[PDB]
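Here's a solo chain for you in structure tokens, the form solved without this ligand.
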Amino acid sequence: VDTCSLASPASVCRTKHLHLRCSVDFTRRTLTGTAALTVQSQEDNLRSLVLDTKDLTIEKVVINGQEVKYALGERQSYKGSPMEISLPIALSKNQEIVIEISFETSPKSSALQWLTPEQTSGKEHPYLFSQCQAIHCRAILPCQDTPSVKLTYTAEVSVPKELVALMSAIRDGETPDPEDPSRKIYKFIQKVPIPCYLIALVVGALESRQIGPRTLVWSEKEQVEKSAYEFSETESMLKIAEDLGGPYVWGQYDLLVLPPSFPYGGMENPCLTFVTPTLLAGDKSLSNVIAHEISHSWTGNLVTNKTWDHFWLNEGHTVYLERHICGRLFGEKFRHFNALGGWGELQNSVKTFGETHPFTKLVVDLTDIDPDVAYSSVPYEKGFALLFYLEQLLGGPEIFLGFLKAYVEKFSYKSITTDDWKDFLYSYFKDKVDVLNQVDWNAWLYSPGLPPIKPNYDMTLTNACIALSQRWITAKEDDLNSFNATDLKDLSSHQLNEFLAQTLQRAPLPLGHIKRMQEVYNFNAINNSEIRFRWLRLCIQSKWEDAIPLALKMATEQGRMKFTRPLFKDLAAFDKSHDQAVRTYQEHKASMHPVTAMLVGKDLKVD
């Protein structure tokens, strides 16, 4: 059972296909049109079914040429309102019908962000983007809003002729709109069955440049050149992902670089990965996020978590694969560097939540929890830590990668639970079931806090970061003169980032140490978003007032929640910046991404 969904379960009926015809109305900030659902009954004598909606206005429902009865139940908070449809003729098991729902979204759709022209790069045209994961697809169209159901889809999207629509699908043509010469209809086909959270739409003033044999980058004109360079490694990452996971089944691997309020670093929308523009560091240093998104083309998009309680299946497997691609490209010691850094991110998250907090369990029961509220690094990093532990336990990377490849072949086009995965792990490693029985399964999967066992990590690239950080923490005033620009001489951006992650773990530092750090390292000049983020955090937490406007500016000039949430929270806990933080949030709130707005508001304990 999917406790985040109010729709009929897959055991009652299944959506096989969606045909979406819609029009994007920037004047009303609505999307209007029809969702035609091809539904297969899984039950005998089926007379009604229930769908997910959230702030949709239903016009009518039509089956076999005629309108039918439907009722909207009461809203259940973030789950929205269930829509019961009365079927005109009872269905037999495996019978299929098409149900056509005429609907319109609200301007307040939690799946959508509408941007004015001044919120974009070109300043001439508005922009729309979606973000359905986890349970916002219902806020766009009526559906069984559960990753336990996979469907194909086709879509026809009408938009102002001077704009471009793109979706998570192969582009299937464009023509003028017959019903309105000021408009174009773009057509789309997704031939691979996907959970509905993978449904994606963007409409904006978009251009494209080709960067590999099966990759275009898309963005507003003024981002194209930079994006083309930043992601040039994409094809070669793809080939390595294909070697590890098996064939890329989706045809195209395009990239869309979004405006800065996109809430995530990336979203693995099939055929068209959405990325944050905070990735555009100038040096390709943040390309693990492409590897991450690429890896989802197997782990998540091919084998899918059955409910959001099993989200670690998606995330931990993708992080595991992400780190193998980066290890191939840049060496096994880099894989261990990033693995150990992820363990540190896990320490931070368990420390922030508290070591007995339910959101620190690998598998969580999301029954009355908004997935957006529960979201964090835990499923990523505790997930990854589990697989890195099993890897070392069961014979090393080459052996565990054979399991990952087999696990993907086994569960392609399906949705699975943690037990499905563990049963399969036991089948695959039949000859190592004694070794498997040494694992504390209950603790790893179901207990809060840090895992019961820590993997073994090569420290080679980490040591210089730890050494430098310890110099700064143990320094007294008479030691600050000895710090120098040359200290950073032999550190990559990655190591500079880890240096700051380490120091931030012991924050606050004395204010004089942080002022000195800016004197000798000029971290204020670094535009790498990861580095700048943790530097500004270290500053605000060490109570440097000069950093207030720098932190406020980063918090609001981009909306990647990874950065935006902890910057506002740090700004709010700093007494000197508190009132300004709360005030800046209130000013920007109405033009923020609706989910980021919600979560920052809760973080600040405002409204």
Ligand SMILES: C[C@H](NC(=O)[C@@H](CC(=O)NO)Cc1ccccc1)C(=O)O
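Numbering starts at 1 and runs along the sequence shown.
The following text describes the form deposited with this ligand bound, which does not appear among the structures shown.
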Touches this ligand in the deposited bound form: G265 (any heavy atom, 4.5 Å): yes
Please determine whether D145 contacts this ligand in the deposited bound form, using a 4.5 Å cut-off between heavy atoms. no
Please check if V289 has a heavy atom lying within 4.5 Å of any heavy atom of this ligand in the deposited bound form. yes
Indicate whether this ligand has at least one heavy atom within 4.5 Å of a heavy atom of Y320 in the deposited bound form. no
Among 266-274, 205-213, 165-173, 420-428, which stretch sits within 4.5 Å of this ligand in the deposited bound form, heavy atoms only? 266-274
Verify the flagged residues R28, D55 and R138 against this ligand in the deposited bound form: is each one within 4.5 Å by a non-hydrogen atom? no
Using a 4.5 Å cut on heavy atoms, which of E315, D254, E230, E220 is close to this ligand in the deposited bound form? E315
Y127, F499, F533, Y380: which sits within 4.5 Å of this ligand in the deposited bound form by any heavy atom? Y380
Residues in 353-378 close to this ligand in the deposited bound form, defined by a heavy atom within 4.5 Å, in order: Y375
